[PDB]
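Presented as structure tokens, the chain that follows is alone, the form deposited in one PDB entry.
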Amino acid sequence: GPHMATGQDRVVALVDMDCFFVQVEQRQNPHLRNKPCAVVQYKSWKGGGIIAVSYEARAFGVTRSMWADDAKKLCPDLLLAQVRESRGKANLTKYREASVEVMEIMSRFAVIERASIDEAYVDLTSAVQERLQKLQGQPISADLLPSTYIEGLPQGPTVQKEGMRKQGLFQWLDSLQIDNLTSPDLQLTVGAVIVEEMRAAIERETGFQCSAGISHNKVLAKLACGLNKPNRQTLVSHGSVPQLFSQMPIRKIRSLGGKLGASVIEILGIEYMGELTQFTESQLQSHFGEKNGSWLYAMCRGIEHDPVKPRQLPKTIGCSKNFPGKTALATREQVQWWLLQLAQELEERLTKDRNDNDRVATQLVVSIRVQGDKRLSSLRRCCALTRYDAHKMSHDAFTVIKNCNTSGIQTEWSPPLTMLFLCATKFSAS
């Protein structure tokens, strides 16, 4: 009752760019705008693999991971942009730089946690508090929320999408209690107003559109964001959670899309997030461990406490290439040469990072995958990163992995390598 925490203490948003790599390419090449478009890596094998898809192209059934040749069967007029290739590998610099454009704008509004190349969490609790004082108990006009959906509304006693959106927003705003500066629903609403402003700034200053979720924690904000993509934002209130979760597959919640979510489903014999409320915290901990059990118990009630970490920069800087099928590296010369290529890209990115961000990496992690191994990494080894020198880094990387070669012959490498991955880590201020 009076002592039961409701997880309504924060206002958290998740902003995620719409078909991000596609928009980067469309901004650069106007011919690609408002068309079925995708971004692909490489070209020779089946036209290249698709990693981003415009919403026009999604309507034809084009998806991530599809070969471009196959996508063209679904969508004959599909337009394609190719990721830059440098030193024989994909070079994502253009998208990293576009990412920085967007992150720097978001950082004007609040503390952000960079969560991927195209999304950040925003802790809006403080910004909301101050905007509420500036408000002076003034009601919030629907005009301040022109792209916002209120999840779960409208309800009770129109046939077009925008009509529905407005009806729900009207019901929400009509019920809002603006006299109470501590109403979590009011706080979320003000959060949504700020996120409209943030999203307008991003679009004005970069040309890129994005979607957002506004809720009380990161998991609900992320879930909310996806509900009305593209170019819209969604408010998920604490009160919306029971109905929302009552038919929400467990795998849709962040961190439950993998083996843990599958075991929840299998062990408990349930399908939906809301069904978790029926178990005690101890029961959940008995099946999934102390940490996961506590997290699940709280999360199925809409409660989560993971903070928005003050971190706009990546923690590691890495370079990797897969060598699939018959391209697997099978000679020592092959292995040293590709380590050199990776290390040259890494050197350029590290030197740039040191100039921009006043820090230096101090450890180099070398990861490989061997043919026949379905794991991401077959083996990781580390060494000291003392110099931003590509020849030294590649030589050192070879030194720490050369043991893995089970070949009796000098020139040969076995088992053949299906991935090389260099990652610079353990940054120190510089």
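Take the two forms, find the largest set of C-alpha atoms that superpose within 1.5 Å, and that set is the rigid core. Start at 1 with the first residue shown and count on from there.
Heads up, the form deposited in another entry isn't pictured, but that's what we're talking about next.
Peer 1: Of 358, 266, 179, 143, which one's CA moves 2 Å or more between the shown form and the other one, core aligned?
Peer 2: The residue that shifts is 179.
Peer 1: If the CA atoms of residue 178 and residue 108 move by 3 Å or more in that other deposited form, do they move toward each other or away, so closer or farther than here?
Peer 2: The answer is farther, because the C-alphas of residue 178 and residue 108 separate from each other in that other deposited form by 3 Å or more.
Peer 1: Looking in that other deposited form, decide if the C-alpha atoms of residue 182 and residue 176 are closer or farther than in the form shown; they differ by 3 Å or more.
Peer 2: Result: closer.
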